[PDB]
Structures are given as structure tokens and as C-alpha cells.
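Asker: Dropping a structure here in C-alpha cells format, bear with me for questions.
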Amino acid sequence: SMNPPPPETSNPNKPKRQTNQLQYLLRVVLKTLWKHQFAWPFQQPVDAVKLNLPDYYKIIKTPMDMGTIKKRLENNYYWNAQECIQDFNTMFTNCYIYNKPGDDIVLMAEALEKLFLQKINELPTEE
Ligand SMILES: Cc1[nH]c(-c2cc(N)ccc2Cl)c2c1C(=O)CC=CC2
């Protein structure tokens with residue numbers, strides 16, 4: 001029923017790069033999803049204590065959220081864009097795994113994911 005420590009957003013021994021694809025993931029994908037009307041449940045880790053969801057982290061073992069993604073992009077945490085894409089996809093998957101189908105929270109995840117796929121469809125060419 002307690003909250004776990006959040007996902008790591010800084011690892012100085014982890015090699016990093018500043019690429020046009022990673023810049024796109026911040027300037028376009030993260031910003032588009034962040035300003036969305038349905039973004040707010042995904043802007044920070046699930047607070048299982050205040051939400052009284054004691055089984056959330058019993059079930060969700062790779063928690064992920066756009067607050068964590070944002071910090072990772074700002075801290076230049078990633079080596080490539082696929083890592084960051086995987087974080088987004090894990091956050092959507094967590095929501096679909098934990099919640100019942102037809103829940104409003106699932107509809108919010110779906111709306112954000114639709115936009116996500118639209119932006120990733122036009123990921124720029126490297127270099
Ligand atoms: C992704 C998510 N965000 C949130 C959420 C997270 C914070 N921190 C605040 C308010 C909400 Cl709705 C939830 C969820 C769930 O999946 C579980 C159902 C409701 C809680």
C-alpha cells in the first residue's frame with residue numbers, strides 16, 4: 001500500500017546523446033501530450049496512498065509516467081529515441097493492465113496514445 005521510490009531520472013554513469021530524434025521527443029511528443037486535457041493523471045507517478053490503490057504497485061512492476069519521462073529528457077538520460085518511446089509505451093500498457101476495460105482512465109490513456117502514435121509516425125531521420 002506504500003509508494004515505491006520513483007523510477008530513476010538521473011544516472012551519471014549511463015552514457016547519453018543529444019540527437020534530433022531525442023530533441024523531437026521532447027519538443028514535439030512530450031509537449032503535445034503534456035498540454036492535452038487528459039494529461040494530468042499521467043504527469044506524475046501514481047500516488048497509491050492518496051488514491052487509496054494499495055494493489056497498484058502489487059500489479060504494476062515497471063511504473064512509468066510523463067513526469068518521469070520529462071525529467072529523463074531534460075536530464076539527457078537517454079541514449080536513443082527507442083528508450084524514450086518504450087517509456088511512453090510502458091506507461092500506456094500499465095494503464096491498460098491495471099484498469100478495467102471501458103474505464104475513463106483507459107480512455108484518457110487511449111487519447112494520449114493516439115496522439116503519441118501520430119507524432120512517432122513522423123519521427124525525423126537521424127543526423
Ligand atoms: C495512470 C493513472 N494515473 C492516476 C492518477 C495519478 C495521480 N498522481 C493523481 C490522479 C490520478 Cl487519477 C491513476 C492511474 C491509474 O491507472 C489508476 C486509476 C486512477 C489513478
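Labels for the C-alpha cells follow display order: chains A, B, ..., residues from 1 in each chain, ligands from 1.
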Which residues sit within 7 Å of ligand 1, counting only C-alpha atoms and all ligand atoms, listed as a VMD selection string?

Answerer: chain A and resid 41 to 42 44 to 47 51 94 to 95 98 to 99 105

Asker: Residues at most 9 Å from residue 87 (chain A), counting only C-alpha atoms, excluding those fewer than 3 positions away in the same chain, as a list in words?

Answerer: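 Returned residues: residues 64, 65, 66, 69, 82, 83, 84, 90, 91 and 92 of chain A.
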
Asker: For the residues in that selection, give me N, CA, C and O atoms as an mmCIF file, in the first residue's frame.

Answerer:
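Output saved as out14.cif:
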data_model
loop_
_atom_site.group_PDB
_atom_site.id
_atom_site.type_symbol
_atom_site.label_atom_id
_atom_site.label_comp_id
_atom_site.auth_asym_id
_atom_site.auth_seq_id
_atom_site.Cartn_x
_atom_site.Cartn_y
_atom_site.Cartn_z
ATOM 1 N N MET A 64 5.598 3.957 -14.875
ATOM 2 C CA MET A 64 6.199 4.995 -15.696
ATOM 3 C C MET A 64 5.149 6.074 -15.923
ATOM 4 O O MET A 64 3.946 5.796 -15.935
ATOM 5 N N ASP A 65 5.617 7.311 -16.078
ATOM 6 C CA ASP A 65 4.737 8.468 -16.169
ATOM 7 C C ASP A 65 5.459 9.554 -16.956
ATOM 8 O O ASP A 65 6.683 9.536 -17.075
ATOM 9 N N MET A 66 4.694 10.507 -17.502
ATOM 10 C CA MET A 66 5.326 11.586 -18.254
ATOM 11 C C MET A 66 6.126 12.541 -17.385
ATOM 12 O O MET A 66 7.015 13.217 -17.908
ATOM 13 N N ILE A 69 9.326 10.784 -17.606
ATOM 14 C CA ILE A 69 9.843 10.927 -18.965
ATOM 15 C C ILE A 69 10.375 12.338 -19.185
ATOM 16 O O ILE A 69 11.468 12.525 -19.730
ATOM 17 N N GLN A 82 14.435 5.176 -29.037
ATOM 18 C CA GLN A 82 13.672 3.963 -28.752
ATOM 19 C C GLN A 82 13.479 3.753 -27.256
ATOM 20 O O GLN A 82 12.429 3.258 -26.829
ATOM 21 N N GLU A 83 14.489 4.093 -26.443
ATOM 22 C CA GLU A 83 14.332 4.019 -24.990
ATOM 23 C C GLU A 83 13.169 4.878 -24.521
ATOM 24 O O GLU A 83 12.377 4.469 -23.663
ATOM 25 N N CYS A 84 13.089 6.103 -25.036
ATOM 26 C CA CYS A 84 12.053 7.028 -24.599
ATOM 27 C C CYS A 84 10.689 6.601 -25.119
ATOM 28 O O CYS A 84 9.692 6.654 -24.389
ATOM 29 N N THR A 90 5.292 1.854 -22.115
ATOM 30 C CA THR A 90 5.115 1.195 -20.824
ATOM 31 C C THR A 90 4.055 1.902 -19.991
ATOM 32 O O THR A 90 3.256 1.251 -19.304
ATOM 33 N N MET A 91 4.016 3.235 -20.058
ATOM 34 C CA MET A 91 3.019 3.979 -19.298
ATOM 35 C C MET A 91 1.612 3.675 -19.799
ATOM 36 O O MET A 91 0.687 3.494 -18.994
ATOM 37 N N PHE A 92 1.427 3.592 -21.123
ATOM 38 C CA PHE A 92 0.121 3.206 -21.654
ATOM 39 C C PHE A 92 -0.227 1.781 -21.248
ATOM 40 O O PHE A 92 -1.341 1.510 -20.792
#

Asker: I'd like to know which of A:114, A:27, A:71, A:100 is closest to residue 8 (chain A), using only C-alpha atoms.

Answerer: A:71

Asker: Which residue, A:121, A:57, A:49, A:38, has the smallest gap to residue 104 (chain A) when you use only C-alpha atoms?

Answerer: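 Comparing A:121, A:57, A:49, A:38 against residue 104 (chain A), the winner is A:38.
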
Asker: Could you jot down the CA of residue 109 (chain A) to CA of residue 39 (chain A) separation for me, Å, one decimal place?

Answerer: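 Atom-to-atom, CA of residue 109 (chain A) to CA of residue 39 (chain A), that is 8.5 Å.
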
Asker: Find the residue from A:70, A:86, A:48, A:106 that sits nearest to residue 33 (chain A); use only C-alpha atoms when measuring.

Answerer: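 Comparing A:70, A:86, A:48, A:106 against residue 33 (chain A), the winner is A:70.
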